[PDB]
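Only one chain comes next, encoded as structure tokens, the form deposited in one PDB entry.
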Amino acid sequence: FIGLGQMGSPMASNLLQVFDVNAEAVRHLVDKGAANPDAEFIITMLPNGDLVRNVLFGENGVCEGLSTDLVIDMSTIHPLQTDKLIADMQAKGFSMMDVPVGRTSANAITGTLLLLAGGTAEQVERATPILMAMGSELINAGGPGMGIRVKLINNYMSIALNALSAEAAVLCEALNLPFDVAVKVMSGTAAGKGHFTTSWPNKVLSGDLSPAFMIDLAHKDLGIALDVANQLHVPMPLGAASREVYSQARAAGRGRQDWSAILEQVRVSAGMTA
């Protein structure tokens, strides 16, 4: 176990049923059961992909003391950094898999993390028994580097959504609507349940852009929301940006398409095809 941070410390604690630069962190794990990296499994849980590399390949690195018999990076790092590390370890005969975790440090404590299993379909079994104690659910990401990839998508979505949710909630407060009422409504719609499993499956994801809710009408409602926010001085940077995305969809002739067609617009914007 390399890394005794907000996630590392409780994860290692659940295993006890070790190296870190902070001697106090070392001391806390010793009083629950190494100066640098004959173990079957190396787990790294470190803040960035540089520290992971410097802990595997640096002066007094893991590689110098590692056996030819899975290294599991559970860190949140750059996917391309993960790909290069898995290849640079595959180059020297060693096996490396990416198993980052979903959910927070509260779930790390209770061993109820979402385990986001990258690496080979075979390789998942080899580490799976060990890591299925540290989380409550495992998702087969379906290849090397797919673990960190689905972690990034999930974290992007949840972190940005928090900012958007804040704008909606303070506009709610500025309009003197109890938040409890907003939440009750939004829990029954895409607002609370998301579009991924509601508006998208039978429309854009099925290649059907025939309208259930038209982009023009969505665009118009966004205008009302931004007028209200601007008269009540609730800054809504995400709302403001989102209206200009809808505006781009209108410019491209998608005005009478279903709102799920925004997905197709962002695909075109990224230089993808239909």
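Just count from 1 along the sequence shown to find any residue number. Basically, rigid core = biggest C-alpha set you can superpose within 1.5 Å across the two forms.
FYI, the form deposited in another entry isn't displayed, but the following is about it.
Colleague: After the core is superposed, which of these residues, 120, 202, 112, 187, moves its CA 2 Å or more between this form and the one not shown?
Modeller: C-alpha shift of at least 2 Å: 112.
Colleague: Would residue 265 count as moving between this form and the one not shown, using a Cα shift of 2 angstroms or more after superposing the core as the test?
Modeller: Moves: no, less than 2 Å.
Colleague: Using a rigid core superposition, assess whether residue 10 undergoes a CA shift of 2 Å or more between this form and the one not shown.
Modeller: After core superposition, the displacement of the residue 10 C-alpha between this form and the one not shown reaches the 2 Å mark, so yes.
Colleague: With both forms fit on the core, is the shift of the CA atom of residue 27 between this form and the one not shown 2 Å or larger?
Modeller: For residue 27, whose C-alpha is compared between this form and the one not shown after core superposition, the shift is 2 Å or more.
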